[PDB]
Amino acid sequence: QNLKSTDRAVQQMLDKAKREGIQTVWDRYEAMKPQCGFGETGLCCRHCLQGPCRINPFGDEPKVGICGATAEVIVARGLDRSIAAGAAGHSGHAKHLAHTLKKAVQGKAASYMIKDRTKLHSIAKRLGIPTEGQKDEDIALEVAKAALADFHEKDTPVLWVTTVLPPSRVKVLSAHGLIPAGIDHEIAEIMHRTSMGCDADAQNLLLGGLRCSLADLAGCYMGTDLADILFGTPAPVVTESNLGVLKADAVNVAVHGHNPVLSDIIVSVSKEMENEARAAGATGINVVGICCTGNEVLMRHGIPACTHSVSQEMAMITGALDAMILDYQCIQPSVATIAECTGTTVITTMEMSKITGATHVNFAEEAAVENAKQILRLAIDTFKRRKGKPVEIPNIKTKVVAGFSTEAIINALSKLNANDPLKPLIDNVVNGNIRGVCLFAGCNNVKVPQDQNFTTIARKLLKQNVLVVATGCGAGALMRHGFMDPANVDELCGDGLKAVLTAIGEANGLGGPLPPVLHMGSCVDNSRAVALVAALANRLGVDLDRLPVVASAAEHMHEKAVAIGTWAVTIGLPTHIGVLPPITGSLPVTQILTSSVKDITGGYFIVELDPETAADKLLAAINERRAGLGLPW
């Protein structure tokens, strides 16, 4: 089972699923082999009903699509649609939060409110919305209206791009025509330009893709901004992760998906219903997190993380998961089928994300508390049904220190330098105590033994004094393997990095260091890493493509992650990807994405499937940046 996952709790549940005959994502992967090589290489097109068209990577016919689409056109068009689909997910998330904020401050959903007034005001100032002599409710109404206006063409470009990146970066992007005009506008233009008989130039296609990836960045940043206003900016918290956070004697309720608009309500309502759960025979309601909704409530509330991504079915296999509350994105639909064997009540809540065989509860922000009670009562019924069953919860968990929003990181640094909080970090970059910064982002992928790339690359970077931050299921992988426990700083971190984590931690009263890896939140919270890197760029007076900062989507799967990797490249970062996207069928497209895009944005993709080699390549990229700043390395 260790070829399937490096997580020992997941291995234990894979053994249980096997002897009980429950098919898993790994079984379904095995049943798919060998996978189609045309699709793997990107040389397949189904964009019209003359298709499907394919192109042999090498040899004889077919060499070209029926309409004349070349290999480079077909590869670029498919990649562009992946970017647009990812942008559509992150921006649908953000749009939903914008409507929730609008409802809240218009008196239509009393369960929701302005919880972070400081964040609201700083966002308004960044957008140029006036605060002086304005009610908060009117400032917030203005912010929500500005968020919704960024989805369509207007007199300004997308402000959640142009106001969040350094001005020099905005100028470089504008010179290449890469600034998005509207989030949904760009998504639609990609789908238009990639349809049959439209754009057929690989460079032109990919430039459109870079612009659409910035529409995705805008959605990520909008989502983080609005969620912080509504639910609070994260601050450092201590919790636990992995399957051992389930409790056989409680009602175990997983919040799963990405948008925390209801799951944040579940967290607060679940506390209210403790006595109702105790009457059922439970100690209470044990809310646990899966995937990014789990990351959201871990970040703000210290809700323990149960599992992530590829291993999500395993939480059900314990037999102790009484409910799984779903919104959308990265939910394996298999969970609706597995629930028939495990007893779990799977509940969908979003109109546009239903799963056949799961129970649907129409959630409305206007009725959020009532909805949460109905949902939790289904969970309590399920707990009662399994009175007197044995469960197998692996006795495996890690300690997780998290909550490192960019505001929290700046506050932590401010204890070393009150009026110049970024300077102690730059100081230690300059003197070599911090070699650089690497963001781990993205998913797990059944093709990669779970967490193997994240942990293997992270161990090598930390030994070389790289400051490592993480989001999404990259944060999930690192947290489940102890990388967010400060007790492991001695084992994991080089001396220079240990010195810095220790100095910051001790100045924040901890008597101990910051954790080896800083958890900066969910997938949309990749925008937080942008905010930190942009602040560093502005303080140093250079663009992002001169900073010793890299990203690694070490095990990515989702179209969302393809979008994130593309905007990481677009804003100027060397961006490692540890699974092949469908690009190997076109050498010209691969060369643009790995080499010549350097001349446009300064970032570039680093394709490397071997994690040890990837770490060497990421260090090389960091050190080349150091050399370009005239620093030793």
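Counting begins at 1, following the sequence as shown.
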Quick one: higher average CA temperature factor, 531 to 539 or 191 to 199?
531 to 539
Stretch exceeding the other in mean C-alpha B-factor - 414 to 422, 440 to 448
414 to 422
Out of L141, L79, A475, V237, which shows the largest CA B-factor listed in the entry?
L141
Of the residues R211, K560, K397, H185, the one carrying the largest Cα B-factor as recorded
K397
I592: which third of its chain by C-alpha temperature factor?
middle
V255's Cα B-factor: lowest, middle or highest third of the chain?
lowest
Going by what the PDB entry lists, where does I22 fall on CA B-factor within its chain: lowest, middle or highest third?
middle
Entry-reported Cα temperature factor of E407, expressed as the chain third it lands in:
middle
Taking the chain's C-alpha temperature factors as the reference, tell me which third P516 falls into: lowest, middle or highest.
middle
